[PDB]
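So the sequence shown is residues 4 to 125, 127 to 261, counted in the deposited numbering. Reading through the structure tokens given below for one structure.
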Amino acid sequence: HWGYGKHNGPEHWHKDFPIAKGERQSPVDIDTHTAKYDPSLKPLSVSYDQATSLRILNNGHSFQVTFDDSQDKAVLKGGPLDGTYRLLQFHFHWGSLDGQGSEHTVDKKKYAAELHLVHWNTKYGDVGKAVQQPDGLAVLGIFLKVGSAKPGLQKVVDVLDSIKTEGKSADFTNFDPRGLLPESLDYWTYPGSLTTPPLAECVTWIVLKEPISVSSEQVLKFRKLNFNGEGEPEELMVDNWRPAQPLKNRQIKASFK
Ligand SMILES: Cc1cc(C)cc(NC(=O)Nc2ccc(S(N)(=O)=O)cc2)c1
Ligand SMILES: [Zn+2]
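Here it is as structure tokens:
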């Protein structure tokens, strides 16, 4: 099955998922001098006050924190978006070294990691339907650089020992995702795809300008997760990122100047 290794990684994915070579694939490089300020872009509306976290899971490709999305509790609106998108899950992509790990890049610069807050358009009723639509998902992408610790990340870091291997999960209630956001909601936006198989072209990408800082100890604990399951030889979960894909016939827009 697909993964991030030499024999099953991003260069192989197109054989099972031919849309890998499609017209709106993610991630991309954000060339900051070529992105155009769009004064008609509204401010983002991130309404996470009522967010209800559920469980944290190692799925063998990342770890994911899930949310109750059966009501409008944690929603993303505004920006380039029409309508209301419910928070389903967040997860990360990260590197083996601090100079790599993000999926999007900024003027070819790679960050140590990238947070994806995944939301789906409620007019499609459920996330499975939404993934089949060009405006079905909105993913808020946030870069991580290594420096000062991010206090709002620490409860995530604390529990990773209990989900070390593929297939493990733990009860992760009462987590506040607002503690993962930077100060500014300035953003770039473009139409794209899921960055993991099936690579569906269903995502409005919203990538924040301002990275969050995390400590070396925090990201080191990401790197101690395992791709393997329990009772298998250890393979460290690192470098779970897809590289930048051709921009093709797309323009990246900026909410700021
Ligand atoms: C928790 C959950 C439940 C269900 C029914 C579906 C999903 N699927 C999902 O979140 N897919 C997805 C894959 C890749 C990205 S990325 N890496 O482009 O942000 C986002 C969502 C996730
Ligand atoms: Zn992702």
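Using N, Cα and C, we set each Cβ at its ideal position, and we do this for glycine too.
>> Taking 7 angstroms as the threshold (C-beta atoms), are residue 243 and residue 98 in contact?
In response: yes
> With DSSP run on the structure shown, which of helix, strand or coil describes residue 58?
Replying inline: strand
> For the putative contact between residue 188 and residue 154, defined by C-beta atoms under 8 angstroms, what is the C-beta separation to the nearest angstrom?
Replying inline: Wrong, their Cβ atoms sit about 15 angstroms apart, outside the cutoff.
> Is it a yes or a no for the region 52 to 61 touching the region 69 to 78, going by three-plus beta-carbon pairs under 8 angstroms?
Replying inline: yes
> Taking residue 224 as the reference, which of 150, 252, 201, 181 has the closest Cα?
Replying inline: 150
> What distance in whole Å lies between the Cβ atoms of residue 229 and residue 61, which are believed to be in contact at a cut-off of 8 angstroms?
Replying inline: 6 angstroms
> In terms of residue numbering, what span does the alpha helix (DSSP H) encompassing residue 226 cover?
Replying inline: 220 to 226
>> Mapping the DSSP letters down to three states, classify residue 195 as helix, strand or coil.
In response: strand
> Thinking just about the alpha-carbon of each residue, which of 66, 8, 32 is nearest to the one in residue 171?
Replying inline: 66
> Between the C-alpha atoms of residue 260 and residue 32, what's the straight-line distance to the nearest angstrom?
Replying inline: 18 angstroms
>> Is it buried or exposed, residue 29, if we count other Cβ atoms within 10 angstroms and call 16 or more buried?
In response: buried
> Would DSSP call residue 16 helix, strand or coil?
Replying inline: helix
> Under the criterion of a Cβ to heavy atom distance below 6 angstroms, does residue 92 qualify as lining ligand 1?
Replying inline: yes
> Given that a residue counts as buried once 16 or more other Cβ atoms are within 10 Å of its Cβ, and exposed if not, what is residue 124?
Replying inline: buried
> Hey, out of 227, 196, 201, 119, whose CA is closest to residue 254's CA?
Replying inline: 196
> Near residue 182, which residues of its chain fall below 6 angstroms by C-beta distance, leaving aside the five closest residues on each side in sequence?
Replying inline: 51
> Excluding the five sequence neighbours on either side, which residues of its own chain have a C-beta within less than 7 angstroms of the C-beta of residue 199, listed in chain order?
Replying inline: 29, 30, 106, 246
> Can you name the start and end residues of the beta strand (DSSP E) that residue 162 belongs to?
Replying inline: Note, residue 162: premise wrong, no beta strand (DSSP E); alpha helix (DSSP H) at 158 to 163.
>> I'd like to check one pair, residue 169 with residue 234: are the Cβ atoms closer than 7 angstroms?
In response: yes
> If you run the structure through DSSP and keep just helix, strand and coil, what is residue 128?
Replying inline: helix
> Is it buried or exposed for residue 92, if we count other Cβ within 10 angstroms and need 16 for buried?
Replying inline: buried
>> Once the 5 residues before and after residue 257 are set aside, which same chain residues still bring their CB inside 8 angstroms of it?
In response: 38, 39, 40, 41, 44, 83, 192, 193, 194
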